[PDB]
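Student: So I've got this experimental structure, pasted below with the sequence.
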Amino acid sequence: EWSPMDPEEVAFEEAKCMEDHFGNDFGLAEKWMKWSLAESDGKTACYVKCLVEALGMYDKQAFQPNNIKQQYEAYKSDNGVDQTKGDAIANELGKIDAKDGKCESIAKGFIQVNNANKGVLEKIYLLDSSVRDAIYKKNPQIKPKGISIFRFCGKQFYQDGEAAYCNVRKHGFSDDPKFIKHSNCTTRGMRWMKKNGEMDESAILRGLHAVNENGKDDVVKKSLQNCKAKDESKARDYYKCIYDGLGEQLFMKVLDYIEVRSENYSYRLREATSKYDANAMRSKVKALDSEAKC
Ligand SMILES: Nc1ncnc2c1ncn2[C@@H]1O[C@H](COP(=O)(O)OP(=O)(O)O)[C@@H](O)[C@H]1O
Ligand SMILES: [Zn+2]
Ligand SMILES: [Zn+2]
């Protein structure tokens with residue numbers, strides 16, 4: 001089921017749709033980040049479809065006005081949109097064609113509504129820079145941009161420089177009791193574990209393909225299938241199952257790149273940081289060790 005999303009959740013989902021559809025056209029990716037959605041750019045049609053489904057705007061045959069209303073209500077004290085305009089676009093979007101559910105059908109009505117209320121959707125869905133940043137400042141429990149998911153989780157459970165923490169940095173795993181909470185936080189933050197507590201196999205494979213690995217899909221599937229996990233330590237156990245299946249070297253190569261990208265989800269969509277560079281990763285991992293005082 002869908003529920004209101006915080007600015008980190010929307011930014012995560014937006015970046016995932018952009019990566020899946022931009023097709024190495026960075027100028028088109030730049031337009032999407034600015035929400036310059038124009039039917040006339042080839043790939044934009046199916047990108048909008050990805051975006052509205054991921055944001056809970058589109059479900060069955062047409063849009064869901066009560067989802068958009070729920071998203072507006074969840075952050076009305078911060079989105080800067082009047083109650084009149086809020087309920088307006090919810091109903092205004094829920095009067096769309098849709099019906100069949102094609103890319104060009106949903107994108108046409110979305111681009112049409114977006115241009116009639118420019119900037120309002122970015123505010124309601126917490127992608128507007130001022131709305132996003134104010135929410136982050138008032139909600140320290142949400143991971144903001146500029147800090148990695150592992151560092152954000154690590155600061156909750158470990159003292160900087162403590163031995164168990166530096167083992168996590170060095171080997172990606174720890175036997176100490178705090179690692180159950182930490183790996184639950186990071187596996188969920190990486191979306192390897194979904195909100196409902198179940199593993200997302202495709203999300204793990206995204207991390208492998210990001211570092212240009214290709215033959216290990218059926219290896220990950222077996223690790224998950226044969227894993228004996230108890231609900232008290234569910235994420236930790238699946239995390240260790242993936243660790244053992246891939247081995248430390250490959251597992252950490254995947255995790256290090258996930259960590260670097262988690263500071264700003266648009267990382268791979270800028271051209272200079274669009275390609276995995278194993279040589280550049282060494283100094284990035286070193287800087288993250290230093291940040292943790294390890
Ligand atoms: N919590 C977050 N964690 C990681 N990346 C985030 C988060 N929130 C937003 N982002 C990313 O931040 C990017 C914006 O970075 P930057 O362009 O320098 O900031 P701004 O919006 O001010 O331009 C967005 O495209 C989004 O992907
Ligand atoms: Zn090691
Ligand atoms: Zn096969």
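Tutor: Sure, I can see it. Numbers count the residues shown, from 1 in each chain. Ligands and ions are numbered 1, 2, ... in the order given.
Student: all contacts plus neighbour counts: C-alpha atoms, from now on.
Tutor: Fine.
Student: Check which helix or strand residue 147 maps to.
Tutor: Per DSSP states H and E: residue 147 is located in neither a helix nor a strand.
Student: Contacts only, for it.
Tutor: 262, 263 (CA atoms under 8 Å, 6 or more residues apart in numbering).
Student: show me the contacts for residue 258.
Tutor: Applying CA under 8 Å, 6+ apart to residue 258 gives the contacts 190, 207.
Student: Okay, and it sits in which element?
Tutor: Assigning secondary structure by DSSP H and E places residue 258 in helix 248-262.
Student: Would you mind listing the buried residues in that helix?
Tutor: Under the neighbour-count criterion of 16 or more other CA atoms under 10 Å, helix 248-262 has 251, 252, 254, 255, 256, 257, 258, 259, 260, 261, 262 buried.
Student: Same question for stretch 144-161.
Tutor: Within stretch 144-161, the residues that qualify as buried are 144, 145, 147, 148, 149, 150, 151, 152, 153, 154, 158, 160, counting by 16+ other CA under 10 Å.
Student: Please list the members of the residues you listed that lie in helices.
Tutor: Of the buried residues of stretch 144-161, the ones assigned to helices by DSSP state H are 149, 150, 151, 152, 153, 154.
Student: what's the closest of those residues to ligand 1?
Tutor: Using CA to the nearest ligand atom, residue 149 is the member of these that lies nearest ligand 1, at 8.1 Å.
Student: Could you pull up the contacting residues of the closest one?
Tutor: Applying CA under 8 Å, 6+ apart, the residues near residue 149 are 143, 186, 189, 190, 259, 262, 263.
Student: from the residues you listed, which are also near ligand 1?
Tutor: Subset of these in contact with ligand 1: 143, 262, 263, counting by CA under 6 Å from any ligand atom.
Student: Three-state assignment for the closest residue to residue 256 other than its chain neighbours, please.
Tutor: Distances taken as CA to CA, 6 or more residues apart in numbering place residue 285 nearest to residue 256, at 6.8 Å, with adjacent residues excluded. Secondary structure, DSSP: H, G, I helix; E, B strand; the rest coil: residue 285 is helix.
Student: just checking, residue 285 touches residue 255?
Tutor: No. Using CA atoms under 8 Å, residue 285 is not in contact with residue 255, being 10.4 Å away.
Student: What parts of this structure come near ligand 1?
Tutor: Counting by CA under 6 Å from any ligand atom, the residues of the chain near ligand 1 are 8, 11, 15, 129, 143, 144, 145, 262, 263, 264, 265, 266.
Student: The fifth one contacts residue 150, doesn't it?
Tutor: It stands for residue 143. No. Counting by CA under 8 Å, residue 150 is not a contact partner of residue 143; they are 10.1 Å apart.
Student: and residue 163, how many residues sit next to it?
Tutor: 14 (other CA atoms under 10 Å).
Student: backbone phi and psi for it, please?
Tutor: Residue 163 adopts backbone torsions of phi -60, psi -40, taken as degrees, to the nearest 10.
Student: Could I get the phi/psi values of the closest residue to ligand 1 within the stretch 151-294 of the chain?
Tutor: Nearest residue of the stretch 151-294 of the chain to ligand 1 (CA to the nearest ligand atom) works out as residue 264 at 3.4 Å. Here is the backbone geometry of residue 264 (degrees, to the nearest 10): phi -150, psi 110.
Student: Please apply the same query to residue 58.
Tutor: Main-chain torsions, residue 58, degrees, to the nearest 10: phi -140, psi 130.
Student: Against residue 89, how distant is it?
Tutor: 14 Å (CA to CA, to the nearest Å).
Student: How many neighbouring residues does the closest residue to residue 276 other than its chain neighbours have?
Tutor: Nearest non-adjacent residue to residue 276, counting by CA to CA, 6+ apart: residue 211, 6.0 Å away. Using other CA under 10 Å, the number of residues around residue 211 comes to 19.
Student: quick one: residue 211 and residue 254 touch, right?
Tutor: Yes. In this structure, residue 211 is within contact of residue 254 by CA under 8 Å, at 6.4 Å.
Student: Look up how far ligand 1 lies from the nearest residue to residue 271 once chain neighbours are set aside.
Tutor: Nearest non-adjacent residue to residue 271, counting by CA to CA, 6+ apart: residue 26, 6.4 Å away. Distance, residue 26 to ligand 1, using CA to the nearest ligand atom, to the nearest Å: 13 Å.
Student: Name all residues that make contact with residue 26.
Tutor: Contact analysis of residue 26 by CA under 8 Å, 6+ apart lists 269, 270, 271.
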